[PDB]
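Chain by chain, the residues:
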Amino acid sequence: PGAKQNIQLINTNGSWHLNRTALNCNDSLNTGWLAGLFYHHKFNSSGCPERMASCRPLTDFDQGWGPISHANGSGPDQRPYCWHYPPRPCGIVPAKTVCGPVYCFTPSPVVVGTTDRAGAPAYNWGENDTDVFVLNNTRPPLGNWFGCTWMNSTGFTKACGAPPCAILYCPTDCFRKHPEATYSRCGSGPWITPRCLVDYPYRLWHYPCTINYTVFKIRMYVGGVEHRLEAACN
Amino acid sequence: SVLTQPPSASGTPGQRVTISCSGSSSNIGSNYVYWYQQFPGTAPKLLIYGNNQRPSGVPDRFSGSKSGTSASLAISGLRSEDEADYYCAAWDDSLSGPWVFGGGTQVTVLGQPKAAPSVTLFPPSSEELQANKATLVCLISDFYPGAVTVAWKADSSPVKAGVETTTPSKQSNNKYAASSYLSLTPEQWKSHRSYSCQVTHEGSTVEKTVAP
Amino acid sequence: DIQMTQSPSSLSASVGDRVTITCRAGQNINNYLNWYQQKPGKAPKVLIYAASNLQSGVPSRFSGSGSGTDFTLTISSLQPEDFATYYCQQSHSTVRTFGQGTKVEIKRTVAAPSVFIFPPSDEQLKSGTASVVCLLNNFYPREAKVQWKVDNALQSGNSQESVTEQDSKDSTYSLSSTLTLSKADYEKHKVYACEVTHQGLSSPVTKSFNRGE
Amino acid sequence: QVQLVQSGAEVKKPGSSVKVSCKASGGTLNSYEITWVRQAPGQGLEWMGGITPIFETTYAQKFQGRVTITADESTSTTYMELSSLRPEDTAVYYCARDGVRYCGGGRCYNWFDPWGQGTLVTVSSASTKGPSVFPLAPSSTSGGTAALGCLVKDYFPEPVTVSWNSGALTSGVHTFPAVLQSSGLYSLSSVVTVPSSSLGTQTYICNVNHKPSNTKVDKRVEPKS
Amino acid sequence: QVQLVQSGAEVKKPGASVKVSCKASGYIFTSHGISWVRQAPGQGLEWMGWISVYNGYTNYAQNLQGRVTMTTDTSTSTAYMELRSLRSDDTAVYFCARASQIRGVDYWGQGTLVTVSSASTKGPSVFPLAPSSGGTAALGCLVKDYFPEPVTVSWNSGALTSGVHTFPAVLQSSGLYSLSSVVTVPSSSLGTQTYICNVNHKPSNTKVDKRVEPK
Ligand SMILES: *[C@@H]1O[C@H](CO)[C@@H](O)[C@H](O[C@@H]2O[C@H](CO)[C@@H](O[C@@H]3O[C@H](CO[C@H]4O[C@H](CO)[C@@H](O)[C@H](O)[C@@H]4O)[C@@H](O)[C@H](O[C@H]4O[C@H](CO)[C@@H](O)[C@H](O)[C@@H]4O)[C@@H]3O)[C@H](O)[C@H]2NC(C)=O)[C@H]1NC(C)=O
Ligand SMILES: *[C@@H]1O[C@H](CO)[C@@H](O[C@@H]2O[C@H](CO)[C@@H](O[C@@H]3O[C@H](CO)[C@@H](O)[C@H](O[C@H]4O[C@H](CO)[C@@H](O)[C@H](O)[C@@H]4O)[C@@H]3O)[C@H](O)[C@H]2NC(C)=O)[C@H](O)[C@H]1NC(C)=O
Ligand SMILES: *[C@@H]1O[C@H](CO)[C@@H](O)[C@H](O)[C@H]1NC(C)=O
Ligand SMILES: *[C@@H]1O[C@H](CO)[C@@H](O)[C@H](O)[C@H]1NC(C)=O
Ligand SMILES: *[C@@H]1O[C@H](CO)[C@@H](O)[C@H](O)[C@H]1NC(C)=O
Ligand SMILES: *[C@@H]1O[C@H](CO)[C@@H](O)[C@H](O)[C@H]1NC(C)=O
């Protein structure tokens, strides 16, 4: 009722209470990114075609090989707007560093709330240094989710994932350059195709260059189980 | 087993023993091999994952490779402590899957000279038959190393249903002994021409056959 | 809407003096208070957000505090750049409101004006009107009075004055008063004086000229 | 780092209306939390109204039914229009971003960053005239130094700029706030004190520029007989 | 230190059910899944199945014919394997092990011994393993279908010691025991020399002498 600027009410569901979101946002260069948490179809995409010109199609890869291994991703300071980005291995990230909902991908989108580091649900908006997200993961079906993405305190999308495939590295489904390089073996986040990321309410925030991707009702299987979900593709 | 390992291998301390493991195109040919060491009465311990990686805490001498459809584990500098059961495992995508194990391979540090075993096969006693039962007794003794594999065969065709085998015991008061009993109805004993005990010790098979 | 009142409404201090200014709101505003500084001739620049956080770049000598209905912006070791007006702003309703402001000027030793009188120009005279200018230069403090006496008949109306913002280097003021008559009225009289009373003056100072010479 | 550039100064007869524009740039959004404040000459800051990137508006009650704000996302320009203009509304009109900029403890904080340059809206039944300039001649000069100046009379609207010797002379220069004569025209004076031993040798020239009327004057200032 | 420790060992009647526990400590429990592997005494390793701690997916070894159901408790950091309709070949050590896509089944508990026996005490049946038709022959005794251990054997009341090999016993389908004892004889003595094995099974107070003769 008081302080009318909070309306982060746009289906960030799955969190026992809203006090489970970590909300440490700075916008210190004053660019408008933080306003995107609340105003969703306003992204200025005029710089984007340049940003994603930088990323290179799956066509740069070669059939053959056969011995797919796994490797830890780099986690370069590049924003992970590109599919090919090899996430850093998922870990224990302090809530002191993050702004807005945190999503992991099973592939289906899921939300992680702030916990005790022991693992007990915290309800302090992410203020105390005892508030963290535990994102350690293993690929489903046995594991929990393939990877997670969220937002920096200062307007940078962060990415967290299971080790991409080797042989040359593939963190999504690139079945054309090897028939076992499926998503279920190599998927490390929301990108299930070099052209398709999964849809969730904060995709346009975290992945704002995907503004014009089309949204499809799809079906995927990790070890035979069926996830119905929606994906955005170009 | 879906993955086939030799049941034994053996070497003198300081030697490098290999082990074999072979599969299909839907396990080794396309998925991660693992290796385990089980001492008797111990849970197996992971030795090698993803074909070649030793977890933190495994001596460098344990190496594991793979090619085509078969994988190999090596044990250089063989010490007495290495004597154990070794299992190869793998993901598998065919109907045999999703996880598959190997038969196992007991490895023996040769602390004694290799010795072939003696077997005698007993036919069931007329007394026992007269009581509507039947049991052939195969007695094996005096072998090193202490690992054998007993295949029961009825009239040239194997049986496996109804056969039981003690674990080899190094208390021959020298080497290793073992017994294996095959149970039958009196009908199928007198039926078939001959039943036989087939025992393989270290790539060698002695076999006795009895008949009524 | 939602009233803000700052105190004092204006303030003078020497380089060094510790200065505090307060805002107060008619309802509770939590810590949704912003402070801006405005220097003469420029738009305001923000200083303090969320009651006590300094915007990047803003020197350590500034410091906000408050929560509720009472806030205090305070500078400790006042320095030669902080010379300005300071508005507080509530940001808790979507209808934003401002405090009327607080101007902050520099205390200085008393300094007495220099009076100069300026007769109309022949060039202006050859149009309808004439303008007489008295100039009070580099005085402190600010409060001065100027009286126009024509033929020892002092005037009322017919004069406008304006003052400078305090001076960058010597911290003084300067005033200009302008007695405007028609040319007809101006040729009629002879002895134009401008009488200046100021705290720096033991006794009023008059500057005058006769329309000849 | 968003950037707000505002429209030009405007002169309006009482009763009409003026619409000011605020082009935004260099940011992440197509439209921003744009807010408008005015400041009458030598007054405090009066907040008027605001608009969010959804374009939902909010007005102070002092100006209700008077002012309306619109945006045009096509140009990232937002517009403030104030009707039934009266002289009391002569002021510098400001746009600024009231951006949400820091979140913590469950609460999120806006404030005003990018202030635009402001634009002056002079509202008066006067009409744009250029100033007549007259010297303020130095006479007889104690204190060692002499005062002189020149007088910028009868011009509309504000502002006017004055320098001395084309900027080469700046110390001791004072240029007073213009005053608003009963005629509706403005007038101001600008003076400099110089060492009297330079009267009649050092040449002094006040350069007066009134850009509203595209008027420039350079008057020579000499002492009289 | 990533540890799994299991519930203790229990004895179960055929057709009963059992539920074995397993406590995880030293990693994020929901990060990986949990697998179960049983081992029958003397045999290889049997994969029983897989559960996902996080999303609950299961895969079950198909020869267990929907007998086994696996469940986790995220609070307790504990996994439960339950087996119904126990049969005597369900006798096995049941292991608890962690599973993930890359490290596979990496870390194992100690194991739980599950023995399914409805076995009383029972005295053996003694059968003569007669010598059949180059001068050293072999005969012996079949001590068959007893429990508990042990069962003692001698020949001619200890008069005959050399050439005798009494073999370690076998635990059978039914949970009963059977060993045989065997002497090595010179062919020349047969018909002349008498051979009786003396078995005693003190648990059932059973003594039986059985003369071994050529048929
Ligand atoms: C997410 O938010 C967090 C906080 O919320 C931010 O930390 C993070 O942003 C920042 O990202 C920038 C780049 O975007 C990083 O800048 C670099 O920092 C280097 C720090 O160097 C020191 O420490 C490193 C190890 O940490 C060590 O190896 C070095 O030897 C040194 O001790 C700095 O070296 C580097 O400069 C190099 O490259 C510059 C050009 O890019 C040159 O100008 C420079 O001369 C030099 O060669 C660069 O400044 C930054 O560290 C990182 N953190 C902060 C707090 O600024 C946000 N997100 C992302 C995606 O980065
Ligand atoms: C949406 O995003 C786009 C891209 O991010 C953004 O357009 C960019 O705007 C910036 C700033 O307006 C432009 O950067 C300028 O480029 C011009 C090129 O002529 C330069 O003159 C500028 O130099 C600055 O500094 C100089 C030295 O001080 C000054 O003399 C000068 O006046 C400038 O201040 C500056 O580099 C940039 O070029 C565009 N990019 C493109 C390709 O247009 C757009 O504004 C955003 N829209 C919204 C609504 O936010
Ligand atoms: C935002 O960042 C600035 C410097 O980049 C820092 O001074 C400020 O404290 C940060 N936000 C807050 C108030 O924590
Ligand atoms: C979390 O928010 C809910 C809803 O406002 C409230 O009922 C609950 O008590 C809060 N808990 C904490 C610890 O903030
Ligand atoms: C997305 O589509 C809009 C509408 O045509 C267009 O103006 C914008 O530039 C597009 N952005 C990208 C990155 O394709
Ligand atoms: C989670 O990940 C971080 C680094 O990957 C690691 O240090 C921590 O021990 C992990 N937790 C476990 C037990 O998997």
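This deposited entry lists X-ray crystallography as its structure determination method and 2.8000 Å as its resolution.

### Some remarks on the interface of chain A and chain E
Contact residues are listed per partner, giving 16 residues for chain A and 16 residues for chain E. Between chain A and chain E lies a buried interface of about 1300 Å² when both sides are counted; carbon and sulfur atoms form 63% of it. Across the contact surface, chain A and chain E share zero salt bridges. Linking chain A with chain E are seven residue pairs in polar contact. Grouping the amino acids of the side of chain A that touches chain E by side-chain chemistry returns six nonpolar, eight polar and two charged.

### A word on the sheet that holds strand β8 (residues 157-161) of chain A
Residue and element names in this part refer to chain A. Across the sheet, which stays open at both edges, the five strands sit in the order β2-β8-β7-β4-β5 with mixed pairing between neighbours. Strand pairing shows two members of the sheet lacking a second neighbour, β2 (88-89) and β5 (109-112), which therefore form its edges. Both strand β4 (residues 102-105) and β5 contribute to a ladder of four bridges, which runs antiparallel. Bridging from a neighbouring strand, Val102 pairs with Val112 of β5.

### Description of the state of the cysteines
Inspection of the entire model under this criterion finds 17 disulfides over all chains. Between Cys21 of chain B and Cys88 of chain B runs a disulfide, and the two sulfur atoms are separated by 2.1 Å. Of note, the bridge from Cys21 of chain B to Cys88 of chain B carries an S-S torsion of about 65° and is right-handed in sense. In this pair, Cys21 of chain B sits in strand β2 (residues 17-22) while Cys88 of chain B sits in strand β7 (residues 84-91), placing the two residues 67 residues apart along the sequence. By the burial criterion, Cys21 of chain B is buried, and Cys88 of chain B matches it. For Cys150 of chain D, the disulfide goes to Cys206 of chain D, at an S-S distance of 2.1 Å. With the S-S dihedral at roughly 115°, the linkage between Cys150 of chain D and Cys206 of chain D falls on the right-handed side. Here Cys150 of chain D, found in strand β13 (residues 145-155), pairs with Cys206 of chain D, found in strand β18 (residues 204-210); they are 56 residues apart in sequence, far enough to count as distant. Taking relative accessible area as the criterion, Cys150 of chain D reaches 0% and is therefore assigned buried.

### Quick look at the interface of chain C and chain D
Every contact between the two is made by 44 residues of chain C and, on the other side, 43 residues of chain D. Summing both partners gives a buried area of about 3700 Å² for chain C against chain D, and 60% of it is carried by carbon and sulfur. Interface area lost by chain C to chain D is led by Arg96, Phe98 and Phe118 of chain C, which between them contribute 16%. If you look at where chain C meets chain D, you find one salt bridge.

### Here we look at the sheet that holds strand β19 (residues 196-201) of chain E
Residue and element names in this part refer to chain E. Pairing within the open sheet is antiparallel, and its three strands lie in the order β15-β19-β20. Only two strands of the sheet have a single partner each, and these edge strands are β15 (152-155) and β20 (206-211). Across this sheet, the average inter-strand angle for adjacent strands is 15°, counted without regard to direction. The pairing of β15 with β19 spans four bridges and is classified as antiparallel.

### Focus: the arrangement of the chains
Between chain B and chain C there is no contact, and the shortest C-alpha to C-alpha distance separating them is 47 Å. With no contact between them, chain C and chain E keep their nearest C-alpha atoms 39 Å apart.

### Focus on the site of ligand 5
All names here are of chain A. Lining the immediate surroundings of ligand 5 are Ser45, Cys48 and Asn212. With respect to ligand 5, the side chain of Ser45 contributes an N or O atom lying 3.0 Å from a nitrogen atom. Residue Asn212 places a side-chain N or O atom 2.4 Å away from an oxygen atom belonging to ligand 5. When the free accessible area of ligand 5 is taken as 370 Å², the share hidden by the protein chains comes to 37%.

### Notes on the site of ligand 4
Residues and elements named next belong to chain A. Around ligand 4, the surrounding shell consists of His17, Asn19 and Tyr123. At a separation of 2.5 Å, an oxygen atom of ligand 4 approaches a polar side-chain atom of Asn19. Within the contact set of ligand 4, an oxygen atom lies 3.4 Å away from a backbone nitrogen or oxygen of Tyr123. Protein coverage of the free-state accessible area of ligand 4, which is 360 Å², stands at 32%.

### Some words on the environment of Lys66 of chain B
Residues and elements named next belong to chain B. Looking at where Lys66 falls in the secondary structure, it is placed in strand β5 (residues 62-67). When the C-alpha atoms of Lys66 and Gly29 are compared, they prove to be 8.7 Å apart, with 37 residues separating the residues in sequence. A distance of 2.4 Å separates a polar side-chain atom of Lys66 from the backbone oxygen of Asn31. Polar side-chain contacts of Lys66 include one of 3.3 Å to the side chain of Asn51.

### What about the domain arrangement of chain E?
Interface size is commonly expressed as the accessible surface area that is lost when the partners come together. The domains assigned to chain E are domain 1 (1-118) and domain 2 (119-215). Taking the mean C-alpha position of each, domain 1 of chain E and domain 2 of chain E sit 41 Å from one another.

### Points about the side chain of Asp82 of chain C
By the secondary structure assignment, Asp82 of chain C is in the loop between β8 (70-75) and β9 (84-90). For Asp82 of chain C, a relative accessible area of 5% corresponds to the buried category.

### Quick notes on the nonpolar core
Formed by 88 residues in total, the largest nonpolar core has its most connected members in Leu34 of chain A, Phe98 of chain C together with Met80 and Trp115 of chain D. Here this core gets seven residues from one element, more than from any other, and that element is strand β9 (residues 91-104) of chain D.

### What to know about the environment of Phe98 of chain C
As for its placement among the helices and strands, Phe98 of chain C is situated in strand β10 (residues 97-98). Look at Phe98 of chain C and you get buried, because its relative accessible area is 11%. Note: C-alpha distance between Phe98 of chain C and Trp35 of chain C (63 residues apart in sequence) is 9.6 Å. Filtering out sequence-adjacent residues up to four positions away, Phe98 of chain C remains in contact with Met4, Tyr36, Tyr87, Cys88 and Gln89 of chain C together with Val37, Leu45, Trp47, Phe112 and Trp115 of chain D.

The rules behind the values
Residues numbered from 1 in each chain as written, not as in the entry; some residues may be left out. Chains lettered and ligands numbered in written order. Heavy atoms only, no water. Contact = heavy atoms within 4.5 Å. Buried area = accessible area lost by both parts, 1.4 Å probe. Salt bridge = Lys/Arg side-chain N within 4 Å of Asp/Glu carboxyl O. Polar contact = N/O pair within 3.5 Å; in protein donor to acceptor, adjacent residues only side chain to side chain. Nonpolar A, V, L, I, M, F, W, Y, C, P; charged D, E, K, R; others polar. Pairing = 2+ DSSP bridges. Helix = DSSP H or I, 4+ residues; strand = E, 2+ residues; numbered from the N terminus. Disulfide = S-S within 2.5 Å. Buried < 20%, exposed > 50% of the residue type's maximum accessible area, 1.4 Å probe, protein only. Axes fitted to C-alpha atoms, helices over the stretch in contact; angles between N-to-C directions. Near = heavy atom within 4 Å. Areas by Shrake-Rupley, 256 points an atom, 1.4 Å probe, with all protein chains shown as cover. Domains from an automatic or database assignment. Core = buried A, V, L, I, M, F, W, Y, C linked by side-chain atoms within 4.5 Å.

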